[PDB]
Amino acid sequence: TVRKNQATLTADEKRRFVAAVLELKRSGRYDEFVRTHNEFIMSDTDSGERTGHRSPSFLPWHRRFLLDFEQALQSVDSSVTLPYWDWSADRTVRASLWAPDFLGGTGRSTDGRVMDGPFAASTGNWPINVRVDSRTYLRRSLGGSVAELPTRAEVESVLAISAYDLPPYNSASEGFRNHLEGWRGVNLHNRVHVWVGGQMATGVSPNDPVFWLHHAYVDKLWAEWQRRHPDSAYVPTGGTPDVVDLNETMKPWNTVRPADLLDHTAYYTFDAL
C-alpha cells in the first residue's frame, strides 16, 4: 500500500476514498475511532500516564491508530489507502482538498456549518454523533482561529532537531517529537488542528475526515525525520514511569510496542519520501 499526496489523487481515487469513508460511517465503525481518540486525548496528561499525546508515543500511537483506520477502509474497498495533506504546500482554502468533490470547504460564518462536499450535514450522510455539544453537523472555520498554516521553512527547522524526545517527555519537552506535536516552538501539528477549526480543533477531531490526512502527513514527517537522523532513535529506552518506553506495549491495543512501529515500510510506503 502506498500513501499518496491528496493533491495528486485521481477523480476516481477521491471517489472510492469518499465512498469507503462514508460506508464506515453508515456501518457505525467510524464513530468508534472518534470515541477512542477523544478518550485518550482526555486521559493523556503531563503529570501522569500519557500514551496518545504530549508524550514520546504520540507518533507511534497515531501511526497505529491510522493503520487501524486504513485497514478498516480497506475492508470496504481494498484499493483505498490513506492520502496525506502537506499543509506546508497546500495552505489556502482553495486547495483541491477543500473542493466539493473531496472534503468540502469551510463552514459558513453564522454557525461554522460546512455546506458542500460529501460530508456536509445536508447530505444526511455525515451525522456528528460522538460529540461534546448539541451540534450534530460538521463544522469548519479554515484559517479563522489562526492566521497561517506552517511553512516549509518552519517544518524544516523542526526536522533539523536531532533528539527524538527529551525528559520530562511531555508538552514541556524540547526535541523533535514535541516540536512536531506543537506544544513548543513554531508549532506544527497542533496549529493545523486549530487552523481547520470546528470539530478538528476539539478532542473529537476525527469527526472531520481531514483528521486522517493531517495525521498521515505528520506521520510522513516522522519518516522524513528518521531519514535525516539515522543515528537518532525512539526514546525513552526503558524504565520510565507514565511514559511508554521503546519495548513496552501501547494501549488500547496492548499487543504492540513503539519498537514495532518505527519502520513504516513494514506497513506501507509513500509516493515520495
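Just count from 1 along the sequence shown to find any residue number. C-alpha atoms forming the largest set that superposes within 1.5 Å between two forms make up the rigid core.
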Core-aligned, which moves more in 9 other deposited structures of this protein: 69-77 or 127-135, by CA RMS? 127-135
Between 258-266 and 19-27, which has the higher average C-alpha B-factor in the PDB entry? 258-266
With B-factors read from the PDB entry, the higher C-alpha mean of 90-98 and 133-141 is in 90-98
Residue of maximum C-alpha B factor among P150, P127, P83, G105, per deposited coordinates: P150
Say you rank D208, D231, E70, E32 by Cα B-factor from the PDB entry; which sits at the top? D231
B-factor third for the C-alpha atom of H215 within its chain: lowest
Hey, what third does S75 fall into on Cα B-factor, ranked over its chain? middle
By the recorded C-alpha temperature factor, relative to the other modelled residues in its chain, which third is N187 in? middle
C-alpha B factor of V114, ranked within the chain: lowest, middle or highest third? lowest
What third of the chain, by the recorded C-alpha B-factor, contains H53? middle
